[PDB]
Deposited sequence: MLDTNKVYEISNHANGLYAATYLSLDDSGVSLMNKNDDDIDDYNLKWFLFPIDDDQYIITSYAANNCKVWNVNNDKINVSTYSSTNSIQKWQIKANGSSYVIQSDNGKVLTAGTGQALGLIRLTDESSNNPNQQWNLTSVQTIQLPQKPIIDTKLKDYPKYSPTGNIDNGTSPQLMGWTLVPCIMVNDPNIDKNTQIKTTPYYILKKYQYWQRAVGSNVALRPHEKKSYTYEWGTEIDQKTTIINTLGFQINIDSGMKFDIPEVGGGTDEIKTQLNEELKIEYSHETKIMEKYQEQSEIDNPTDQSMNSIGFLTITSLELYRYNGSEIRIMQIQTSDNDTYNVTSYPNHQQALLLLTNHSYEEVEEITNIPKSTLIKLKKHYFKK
């Protein structure tokens, strides 16, 4: 189904609409006649958000604090979204001209009859029960932010000219839309949130940046030990975990948490993996700030300078109101991407030697032939 619409949901058999009481935040869901004398005290508007595996979350649209349909003992009420609560997940299955609405528990939405006319419950699906068929009527469509051009290849890390850049420019490597119900945005109310920014934009940028501590000066014929920093200096608790319900582990892979406030994004993890190209973590340790011991060897008779780069990943989340408003960012660096480069560039010299002569390389790199030979020696 389209998930950028506000829908009314009505029963095929009895023509009544699914509704909550506006003034009770934890309201049960009932069936009301759209011309009832008190219809203005109910909400009939529902917003569908898509989650993994062709399922949906059904959200009270700017009513009941944007709580979502929630099944308890075969009855439906609206409760705070929880990305770890299976009883809030739905399947909506086309069945001729209507739809069957099925809970994660396998039962289906059913209108009561007779003394129970007006009631809605979950029960077992029957062969053909008009009371288990539902119509979705679109009453509003919200135009969504358009996905921009995404890069697929990270530019090379900088090389010495002997000057060198401190990094490269951020490239957008992934972009995806996140249901507002899965976003804890403490600076806006939930009802205003769903009306103005029902989908947030989550971007992933990558680029290279100099590793702090990695600029090393070497004299002739010496090895020098050093340490560079990597990881993140950002507090994950107050940024990504409390906002989206996930953390970045030492692996640079993502790990899903139950946030202090908010429902989280556990139910869209496949979408995140695929659209942001972020691996699931294989570690248990959250990324912090680290120092990797390393060594530079200069086996030549000339001095040398070295510096290292890391691939930075920046995850940034934006409200979208006709423009993007950033509400969260975190940058991390991945020690498995560490690369060093030198001046004079011994690595470029050895590579050049695979299809150039010594005299040619000597000319290109300014490195003497005897050194070129020493270099090749190890």
Point to revise | Chain regions without C-alpha coordinates, deposited sequence numbering | key: 1, 163-164, 382-385
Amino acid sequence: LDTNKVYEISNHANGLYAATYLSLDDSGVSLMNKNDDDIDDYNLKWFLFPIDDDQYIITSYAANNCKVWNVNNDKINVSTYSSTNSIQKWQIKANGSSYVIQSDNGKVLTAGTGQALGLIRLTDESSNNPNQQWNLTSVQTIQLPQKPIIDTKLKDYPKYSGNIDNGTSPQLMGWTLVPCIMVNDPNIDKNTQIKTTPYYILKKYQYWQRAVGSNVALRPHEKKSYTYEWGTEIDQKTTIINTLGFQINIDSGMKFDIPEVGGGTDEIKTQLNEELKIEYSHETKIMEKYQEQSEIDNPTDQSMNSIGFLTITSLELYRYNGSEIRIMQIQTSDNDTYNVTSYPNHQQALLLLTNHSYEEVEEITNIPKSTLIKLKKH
From here on, numbers count along this sequence of modelled residues.
**Study point:** Mean Cα B-factor comparison, 98-106 or 298-306, giving the higher one as deposited
**Key:** 298-306
Check your understanding: If you average the CA temperature factors over each stretch, which comes out higher, 171-179 or 270-278?
Key -> 270-278
Exercise for review: Name the residue from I234, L117, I87, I194 with the greatest C-alpha temperature factor listed in the entry.
Suggested key: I234
Exercise for review: From the list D74, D151, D189, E260, select the residue with the highest C-alpha B factor recorded in the entry.
Suggested key: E260
Check your understanding: Thinking about Cα B factors across the chain, which third does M254 belong to?
Key -> highest
Exercise for review: Divide the modelled residues of the chain into thirds by Cα B-factor and specify which third, lowest, middle or highest, holds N131.
Suggested key: lowest
**Study point:** Ranked C-alpha temperature factor of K147 among modelled chain residues, by third
**Key:** middle
Exercise for review: Using the B-factors in the PDB entry, rank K159's C-alpha atom against the chain and give the third, lowest, middle or highest.
Suggested key: highest
Practice item. Determine, from the deposited record, the chain-internal third of the Cα B-factor for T123: lowest, middle or highest. Key: lowest
